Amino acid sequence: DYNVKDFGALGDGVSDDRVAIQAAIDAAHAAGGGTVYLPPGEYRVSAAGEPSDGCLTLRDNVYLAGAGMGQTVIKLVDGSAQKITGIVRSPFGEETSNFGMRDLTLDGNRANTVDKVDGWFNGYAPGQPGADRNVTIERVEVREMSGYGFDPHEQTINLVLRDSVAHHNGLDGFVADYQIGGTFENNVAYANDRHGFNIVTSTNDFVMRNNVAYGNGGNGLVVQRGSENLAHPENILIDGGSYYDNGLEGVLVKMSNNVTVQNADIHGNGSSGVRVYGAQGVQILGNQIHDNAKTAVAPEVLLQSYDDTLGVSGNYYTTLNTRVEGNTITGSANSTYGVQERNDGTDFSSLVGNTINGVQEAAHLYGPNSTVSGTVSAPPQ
């Protein structure tokens, strides 16, 4: 057990406590590990150096703990004017293990600073073999970052990020970038200017259990390849939770495969509830998908192919083998179809046992091998 007071941290809302807190982290690390405690207070921090130096660098076996979200706050100094990749982060180009944070708030002070600031960052190095592992983040709030809220990054094995909140950030609340065997559980993302949750860059064997995303400018959740010619995300389970009142689709799956969205409540989004865009083997199971298309006419579920022939892969990604089963889909005034396929090569969809109401047509299919069975709809008046 280490206490940042013993290293000269003032926690007074004005003094720069970066050097004191980093000294407590380094002492815990040199001793073989420990928990660095921050008692209640606002702890101001400045940038440590170059963008990859963040503000504070955690190390192997070191955990930060505050007195509770909103009680312990680590906040960027007024007037900061440089890119900061993680107010708390792991070292760049090192495989860092058994570290994390709990019971505190990170505040990026976007109203009184400039340039891109991310709340949490960790990883090894883009394109390089190597992984951080056993990151545990519990009961953390990340707010007011001009960049990302939480950005666990390439590569991390066995992330646990639970019971946390990301809000009022300029990009995405939570990013899962090249995560392997990781979990987001019981998190909330709201009022971010882009996505609530963004799973990207080859993430695989990843669980999103009981997460909530609402009021974000982008998607509630997007699962996507990203901008580079990399292995697509695959083997992703979205289990339960709620994705509502977002600016774009509730849930977007783009150039990713073997993603399951199940038992979720998806409603009030600007465009479709669920969109599948150049994806294979997606399973949309047992969801309530209703009252979407709030911004303009759209189907509750859209299935379409992604034309990357002039992009980084050179490939045309048809959407194939989508299973849409056991959903209750209820359109509202702007909803066109319950499930729409574009006439773009999308094929091998199978609709099974959906309850579909409130739409112009339950299913609007084009694939020569796409099928629909067991749709339930209210009988005509």
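All residue numbers refer to positions in the sequence shown, first residue = 1.
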Item to check | Higher-scoring stretch by recorded Cα B factor average, 45-53 or 342-350 | outcome: 45-53
Next on the checklist: Comparing average C-alpha B factors as deposited, tell me which of 153-161 and 247-255 sits higher.
Outcome noted: 153-161
Checklist entry - Which one of 281, 170, 299, 79 shows the top CA temperature factor in the record? => result 79
Checklist outcome for this item: Based on the PDB entry, the highest CA temperature factor among the options 305, 287, 113, 242 is that of 113
Checklist outcome for this item: So, residue 322's CA B-factor, relative to its chain, sits in which third? The lowest
Checklist entry - Would the CA B-factor of residue 202 place it in the lowest, middle or highest third of its chain? => result middle
Checklist outcome for this item: Chain-relative C-alpha B factor for residue 237 (record values, thirds): the middle
Next on the checklist: When the deposited Cα B-factors of this chain's modelled residues are ordered and cut into thirds, is residue 147 in the lowest, the middle or the highest one?
Outcome noted: middle
Next on the checklist: Lowest, middle or highest third: which one holds residue 208 when the chain's residues are ordered by CA B-factor from the entry?
Outcome noted: middle
